[PDB]
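Let me begin by presenting the structure, written as structure tokens, before commenting on it.
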Amino acid sequence: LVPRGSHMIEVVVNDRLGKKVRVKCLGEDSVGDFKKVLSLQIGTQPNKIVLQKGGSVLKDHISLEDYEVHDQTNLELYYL
Amino acid sequence: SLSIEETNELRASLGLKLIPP
Numbered sequence: 094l095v096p097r098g099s100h001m002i003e004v005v006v007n008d009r010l011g012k013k014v015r016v017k018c019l020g021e022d023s024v025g026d027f028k029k030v031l032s033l034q035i036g037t038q039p040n041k042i043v044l045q046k047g048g049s050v051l052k053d054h055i056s057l058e059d060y061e062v063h064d065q066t067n068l069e070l071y072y073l
Numbered sequence: 037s038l039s040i041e042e043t044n045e046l047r048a049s050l051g052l053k054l055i056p057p
């Protein structure tokens, strides 16, 4: 069996120009490890960016699933 | 913007657990 948090989910990241980028990942991934893959897809570094889900900033150490980030969940991207 | 296969190349490089097929 593949347990909860280790199936592919596709998270939608939304920038300040209304562009969407889809990142395939696992619910068990930390926000930090999510940012690492995101950054390679969008041409930045994790330390240059902030992610928010519906108003609140996501902390690097905490998992996507703990923030209730699921397949097709939208996140808002900001650059420092 | 990327397939599971391509995403996994990135994950593997970063030492993360792979996304199941």
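These protein sequence lines are chains A and C, in that order. Numbered by the authors' numbering, the letters in the first sequence go through residues 94 to 100, 1 to 73 in order. Residues in the second sequence are numbered from 37 upward in steps of one, following the authors' numbering. We put the CB at the ideal spot given by N, CA and C, even for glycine.
Quick one: measure Cβ to Cβ for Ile40/C and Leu19/A, integer angstroms, because I've assumed they're closer than 8 Å.
-> No, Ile40/C and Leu19/A are not in contact; Cβ-Cβ is about 11 Å, not under 8 Å.
Among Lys13/A, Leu10/A and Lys17/A, which has the Cα closest to the Cα of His63/A?
-> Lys17/A
Quick check: the region 38 to 52 of chain C against the region 27 to 36 of chain A, are there 3 or more CB pairs under 8 Å?
-> yes
Can you give me, in chain order, the residues of the region 23 to 48 of chain A that have a beta carbon less than 8 Å from any beta carbon in chain C?
-> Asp26, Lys29, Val30, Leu33 and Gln34
DSSP state of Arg97/A mapped onto helix, strand, coil = coil
Quick one: grab the DSSP three-state call for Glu3/A.
-> In the structure shown, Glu3/A sits in a strand (DSSP, three-state: E or B).
Of all the CB atoms in chain C, is at least one closer than 7 Å to the CB of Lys17/A?
-> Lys17/A counts as touching chain C.
When DSSP builds the beta bridges, which residues end up paired with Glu69/A?
-> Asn7/A and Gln45/A
Selected residue, minimal CA-CA separation from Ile35/A, among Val5/A, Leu94/A, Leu57/A and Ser99/A | By alpha-carbon distance to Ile35/A, the top candidate from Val5/A, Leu94/A, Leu57/A and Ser99/A is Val5/A.
Whose Cβ in chain C lies nearer than 9 Å to the Cβ of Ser56/A?
-> Under the 9 Å cutoff, chain C gives no residues; its nearest Cβ is about 12 Å from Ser56/A.
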